[PDB]
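The chain below stands alone and is given as structure tokens, in the form deposited in one PDB entry.
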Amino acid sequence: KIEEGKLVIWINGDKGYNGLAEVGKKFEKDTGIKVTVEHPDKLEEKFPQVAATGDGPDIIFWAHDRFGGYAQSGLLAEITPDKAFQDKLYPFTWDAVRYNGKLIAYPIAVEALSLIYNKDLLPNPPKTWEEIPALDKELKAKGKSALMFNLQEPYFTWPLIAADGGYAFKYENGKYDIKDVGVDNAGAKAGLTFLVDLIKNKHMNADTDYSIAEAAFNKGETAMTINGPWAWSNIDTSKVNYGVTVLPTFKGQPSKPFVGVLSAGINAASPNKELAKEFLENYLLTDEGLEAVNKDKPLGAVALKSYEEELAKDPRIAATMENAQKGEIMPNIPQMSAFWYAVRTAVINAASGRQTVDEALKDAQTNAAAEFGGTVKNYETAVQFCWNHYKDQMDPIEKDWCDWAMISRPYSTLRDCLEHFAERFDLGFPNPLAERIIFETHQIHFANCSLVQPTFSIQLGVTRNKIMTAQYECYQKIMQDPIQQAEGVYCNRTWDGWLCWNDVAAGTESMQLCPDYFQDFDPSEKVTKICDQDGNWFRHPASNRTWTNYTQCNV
């Protein structure tokens, strides 16, 4: 339900929204139309949710990579820039917002990641990734670090993953082949192994996010970060003596950042489509409009020729375009959401040890491909995909279903597939459908095995083997007991991901010892799981997900 006679605009919280609001004030002064600029969290996921019911903003700003998905879902208005207006913007910026031959958004500015370095801490930047460990050892002796950047968004790690041969989709002869994906190849593995090694060697921390890296760089604690033009405003405020420069090489090859074009789409459901056109063409995409936004947070290399020429001599913009030239323009195709979720999952899981680099990238490509081809659309279809993949591995090895050495990798991959898709569809793991699938493999594949414990006649790693062995024991016995094991109202037995819980009486704070899975777990400390007065397991209030309390294990 979008209000006629005004404009609501969504733009990301790292962009110049105060400068965009100034453009909105000038619009209001000439037209009497109020412009509201908002920067909701997760706006790239929020926009398709709310727009799918005819709700949301009149105008949505994001890099062009998300817009094909929006277009395919019918969420975008057709845009109708005449030829004189198109001539005012660079052809390659229009190309970024052309999907199936149609312009689907207005391009605003070209963004690429650069290496940003503290010239006082580090007089010359490193030419290579390989030299960063030695540089960190020197800086650690002085209470500093070499490098901090966002490890939660795969955008920031992609330049290193792509350097030696990682790619999204094969683009040739003007078309993308979504059956030719470059996430699970020797180049992607080399890059992500280098990143995981930086973490294992304590040069970087898997938990570092955008805000932690920005604060550390802007306080002078770290010599280097990786960021885009929008970040320069807060560094200027900090008074750090900074350089913006070419990203370091990996295995002698350039880092290859995915190049974004900040773009503006008009909501299909907007009753304000002509107002939106007027605002974007005659107010924003002018020298005066882009200056107001750029003065708030730098845009990078703007799509408007006349203002790009004016800013072109900024060495920070020169370094931006040098990094852009070495990278690739992101595809705008509908498959980009599934692509980024899969690479997000691979980087987070590999950085935190939840998967090896090979498992992480192999699973990311397999599971993304399940979405790319339209099979998986929701958790029910995801679970059928995970089950079918698992059955295909299990059917040829039937004589060995009671051999842990033969079934432990398939069994582990089934759990990883169920967890990948649970998070993809904003479910907890475990969840009722996932529990039912794991119960089914115990009924179909393991029912004739003589033991509760796995028996045996590149195995899983030490920690993953302990976790999966424990899971297998849980489903062999506690999960299969035919009758209720706690009198009266009770919370149902569950495998929580790390530990097995039996049926527990309503109104009990159940306790077990911390598992021996991690070197930082104290095996004499306690895990708690609360069963409420209605026989429902406790849900953490921040998440509303069913939640076991492991917080005492690593204090």
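In this text, residue numbers run from 1 along the sequence as written. Each form is matched to the other, and the largest set of C-alpha atoms that superpose within 1.5 Å is called the rigid core.
This next part talks about the form deposited in another entry, which is not shown.
Looking at CA displacements between the shown form and the other one with the core superposed, a shift of 2 Å or more is confined, among 480, 72, 286, 233, to 480. Once the cores line up, the CA of residue 273 ends up less than 2 angstroms apart between the shown form and the other one. After superposition on the rigid core, the Cα atom of residue 491 is displaced by 2 Å or more between the shown form and the other one. Remark: with the core as the superposition reference, the CA shift of residue 25 between the shown form and the other one stays below 2 Å.
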